[PDB]
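Rule-based calculations on the coordinates, nothing more; no lab input. Cβ placement follows ideal geometry from the backbone for every residue including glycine, while neighbour counts extend to all protein chains displayed.
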Number of protein chains: 2
Amino acid sequence: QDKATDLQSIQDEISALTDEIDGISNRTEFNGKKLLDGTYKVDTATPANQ
Amino acid sequence: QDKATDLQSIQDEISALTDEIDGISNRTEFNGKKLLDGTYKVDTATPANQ
């Protein structure tokens with residue numbers, strides 16, 4: 001029922017909320033630690049970098 | 001949780017207390033005897049110098 005125009009609008013909203021989620025995973029610099037850096041603690045199936 | 005910066009600070013403190021401990025083992029010049037010279041009375045597993 002909606003249009004590509006309307007869904008372009010919603011998609012603008014979802015990119016806003018998107019970079020807000022990157023915002024949570026980034027702004028969480030606790031004592032300088034980007035803890036919600038997904039990189040910070042990945043098991044990686046190796047002890048190369050955890 | 002701490003940083004290499006913070007632990008550099010604590011390490012400065014532990015070097016201060018360190019040279020304080022050398023301070024105890026050195027300043028104890030009783031009648032001129034650095035008694036807490038660890039050198040002064042080592043058994044050494046020999047009578048070479050005790």
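Tell me which residues, restricted to segment A:29-50, are away from every other protein chain (no Cβ under 14 Å), surrounded by fewer than 11 Cβ atoms within 10 Å (Cβ to Cβ) and touching a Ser or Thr at 6+ places or on another chain (Cβ under 9 Å). Reasoning before the result, please.
We begin by selecting, within segment A:29-50, every residue away from every other protein chain (no Cβ under 14 Å); these are A:36-39, A:42-50.
Within this subset, residues satisfying the condition of being surrounded by fewer than 11 Cβ atoms within 10 Å (Cβ to Cβ) are A:38-39, A:43-50.
A:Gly38, A:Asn49, A:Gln50 - these are the residues of segment A:29-50 that are away from every other protein chain (no Cβ under 14 Å), surrounded by fewer than 11 Cβ atoms within 10 Å (Cβ to Cβ) and touching a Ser or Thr at 6+ places or on another chain (Cβ under 9 Å).
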Index of the failed condition, B:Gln50 passing every other in (1) farther than 30 Å from A:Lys41 by Cβ; (2) under 14 Å from the mean Cα position of the chain (by Cα):
(2)
Is segment B:2-25 home to any residue that is free of Cβ contacts under 8 Å to residues at least 24 places away in the same chain and in contact with a strand residue (DSSP E or B) (Cβ under 7 Å, 6 or more places away or on another chain)?
no
Checking B:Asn26 against (1) part of a loop (DSSP other than H, G, I, E, B); (2) more than 14 Å from chain A (Cβ to nearest Cβ), the condition it does not meet
(1)
